[PDB]
K.L.:
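This is the structure I have questions about; it appears just below.
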Amino acid sequence: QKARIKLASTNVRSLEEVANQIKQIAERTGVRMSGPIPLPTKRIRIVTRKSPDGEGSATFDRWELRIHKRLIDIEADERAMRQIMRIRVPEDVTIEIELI
Amino acid sequence: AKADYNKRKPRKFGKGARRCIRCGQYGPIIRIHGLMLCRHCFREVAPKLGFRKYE
Amino acid sequence: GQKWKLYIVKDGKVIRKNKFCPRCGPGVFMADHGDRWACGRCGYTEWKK
Amino acid sequence: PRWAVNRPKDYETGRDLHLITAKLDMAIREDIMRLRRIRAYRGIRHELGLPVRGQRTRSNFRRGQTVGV
Amino acid sequence: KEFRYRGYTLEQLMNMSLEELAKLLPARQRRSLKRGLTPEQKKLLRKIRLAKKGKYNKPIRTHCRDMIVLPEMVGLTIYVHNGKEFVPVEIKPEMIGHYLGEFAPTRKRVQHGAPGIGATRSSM
Amino acid sequence: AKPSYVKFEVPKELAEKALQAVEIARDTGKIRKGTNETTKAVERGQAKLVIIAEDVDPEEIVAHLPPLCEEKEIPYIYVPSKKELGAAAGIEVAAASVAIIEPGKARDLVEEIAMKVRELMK
RNA sequence: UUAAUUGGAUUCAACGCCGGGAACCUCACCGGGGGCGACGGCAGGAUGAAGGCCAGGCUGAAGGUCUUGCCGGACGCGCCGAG
Ligand SMILES: [Mg+2]
Ligand SMILES: [Mg+2]
Ligand SMILES: [Mg+2]
Ligand SMILES: [Mg+2]
Ligand SMILES: [Zn+2]
């Protein structure tokens, strides 16, 4: 009777916006929502040699990509379920909904 | 058939089974998380993919 | 040049010396190996008499 | 146990044997001679006094005197 | 002074199935035989058996340097490619279990000349 | 077939309906030249209009279609010339038999000339 | 030294460097065997171009080529430009 929502994005602000919208939707109705739980961040790190040739001192680049995640639990109520189903997420945010 | 004297064998492992999707080079291919790019090509397209040099 | 002969044809009767492939229709002609029916395209190991 | 002897599955009789002293030495010599008779690669390497098990020879395995230019 | 491989004569080795023979070879040859022969080795074996039957009175030349010597191949002469030429190999009974390429060296023996300029620190 | 084979005379209407009715059918039909190719077509009945020109010597590869005419319907006419036979339907070469199968809007004249040949000599 | 032992780099700032831990591939080297000329035009071509094959020789193995005859229908490196 509860729904679990998973959010992931490379931009922290958009994630916060979506989470706040869900929180407000839950607030505007009588329904208990477990707060947005922050899960560990994904870091993708790649180290590469700089020069195209092999002459000279060896120097390296360290490129990094970060992926932030959130978790929300809410009880399945159709009055609030439709509202969150109609929210529009930005293109850089991934959302997944499942019933437990 | 004369066209059979130009086709390559379908290898599944070895240095000849992987080519850069941007320049076609064999050798130093970055295979991390499904990327298929040379170390040369990755440096000049990394910002477009969202990578940054934080430290 | 021209290779269309060895089929016994007379004034009014046409009949072929080389049979056609049973997998295919008539008109297709086998070779004259004599040991077996070369069949031209499919081949048969029958030891033709 | 049969896997603890120093010559299992003998080349002539096919049994599992253990050898010591002179018999061991002449068995090893016979093995090397058999390799040399058929002109196998390892036999030639044994004859020339060169490494047998695929080592590199450009840098190490040097035993001699320096040659002047 | 007769030849025996594991207590068996050459004639006894002749009348053995391929699976039975593999139990006498070392581990590497047993694994290679257990995985089957490559098509090239199949053609070479067909030629060898044909020669044994009394046909194919021609030299036998091959590229298959990784073919394992079998007891039924004893008595023939095979020309194994070494990179640029085919060298003749006379198969002896004591060659059972070895690869053909072991008898066709690919490099020429080295005879050193005088060291050149730059061979030592003082010669540069 | 060949001029040195007296089958009958040279009616004008045969040429009119065998030559001047294929150009209007070339663009709305299929063409299969060659004696060897058409031989399988006529033997299996694939061809629909067999226009046999008299240009093939000797009577070696031509002595197949007349002996087989009585075996099938084989609606066939004769052509006086070969140089423009390919031009009427085909390519700029010397053609011997241009078989057109299911042509468009070339039915009445072809049927009339076929009936004329049927009542002329077969 | 070798048939070849492919090549670049020589003070710091060349020498576990070219992300170079190469069995095949990578490959650029050596021995051998095959394939490739859009588009314009020249010889030629349905009375059939260009192309493909059952078996058996040559061959390391090969319709690659040859022997043996079966295939299919519109282009054509045997020639000159060009690519
Ligand atoms: Mg060098
Ligand atoms: Mg390294
Ligand atoms: Mg290695
Ligand atoms: Mg290599
Ligand atoms: Zn690249």
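Here is the naming used below: chain letters follow the sequence lines, and residue numbers restart at 1 for every chain. The figures here come from the full heavy-atom set of this structure, side chains too, leaving out hydrogens, waters and symmetry mates.
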K.L.:
If we call it a pair only when both distances are under 3.5 Å in a Watson-Crick or G-U wobble match, what pairs with G:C58?
P.N.:
G:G64
K.L.:
Using residues 74-92 of chain E as the side-chain source, report each donor-acceptor pair under 3.5 Å to any protein atom, sequence neighbours left out, with the distance given to one decimal.
P.N.:
{"residue": "E:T77", "atom": "OG1", "partner": "E:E90", "partner atom": "OE2", "Å": "3.4"}
{"residue": "E:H81", "atom": "ND1", "partner": "E:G83", "partner atom": "N", "Å": "3.3"}
{"residue": "E:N82", "atom": "OD1", "partner": "E:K84", "partner atom": "N", "Å": "3.3"}
{"residue": "E:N82", "atom": "OD1", "partner": "E:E85", "partner atom": "N", "Å": "3.0"}
{"residue": "E:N82", "atom": "ND2", "partner": "E:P105", "partner atom": "O", "Å": "3.3"}

K.L.:
May I have the distance from B:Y26 (atom OH) to G:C27 (atom P), rounded to whole angstrom?
P.N.:
8 Å
K.L.:
Let me check something: any side-chain donor-acceptor pairs from residues 63-72 of chain F under 3.5 Å, sequence neighbours excluded? List them with distances.
P.N.:
none

K.L.:
Any pair with a residue in residues 51-69 of chain D that passes side-chain hydrogen bond (donor to acceptor under 3.5 Å, both in side chains), sequence neighbours left out, goes on the list, sorted by first then second residue, please.
P.N.:
none
K.L.:
Now, which nucleotide makes the Watson-Crick or G-U wobble pair with G:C36, with each of the two distances under 3.5 Å?
P.N.:
none
K.L.:
Scan nucleotides 55-76 of chain G nucleotide by nucleotide, 5' to 3', and note B when protein non-hydrogen atoms come under 4.0 Å of the base, S if they reach only the sugar-phosphate, - if neither.
P.N.:
---S-BSB-S---BSSS-S---
K.L.:
Filter on side-chain hydrogen bond (donor to acceptor under 3.5 Å, both in side chains), then keep only pairs touching residues 22-35 of chain F, sequence neighbours left out; what's left?
P.N.:
none
K.L.:
Keeping to residues at least two apart or across chains, list the ring-ring contact (aromatic ring centres under 6.0 Å, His included) pairs with something in residues 42-61 of chain D.
P.N.:
none
K.L.:
Considering only residues two or more places apart or on different chains, which pairs with a residue in residues 103-124 of chain E satisfy salt bridge (charged side-chain N to carboxylate O under 4.0 Å, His left out)?
P.N.:
none
K.L.:
Enumerate the salt bridge (charged side-chain N to carboxylate O under 4.0 Å, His left out) contacts for residues 28-43 of chain B, please, sequence neighbours excluded, ordered by first and then second residue.
P.N.:
A:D61-B:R43
K.L.:
What does the B/S/- profile of nucleotides 3-8 of chain G look like, 5' to 3', with a 4.0 Å heavy-atom cutoff to protein?
P.N.:
BB----
K.L.:
Taking the same atom, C1', in G:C66 and in G:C79, what whole-Å distance lies between them?
P.N.:
28 Å
K.L.:
Taking the same atom, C1', in G:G32 and in G:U1, what whole-Å distance lies between them?
P.N.:
25 Å
K.L.:
Salt bridge or not for E:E72 and E:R49, using N-O below 4.0 Å?
P.N.:
yes
K.L.:
Is there a Watson-Crick or G-U wobble partner for G:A50 with both distances under 3.5 Å, and which nucleotide is it?
P.N.:
none
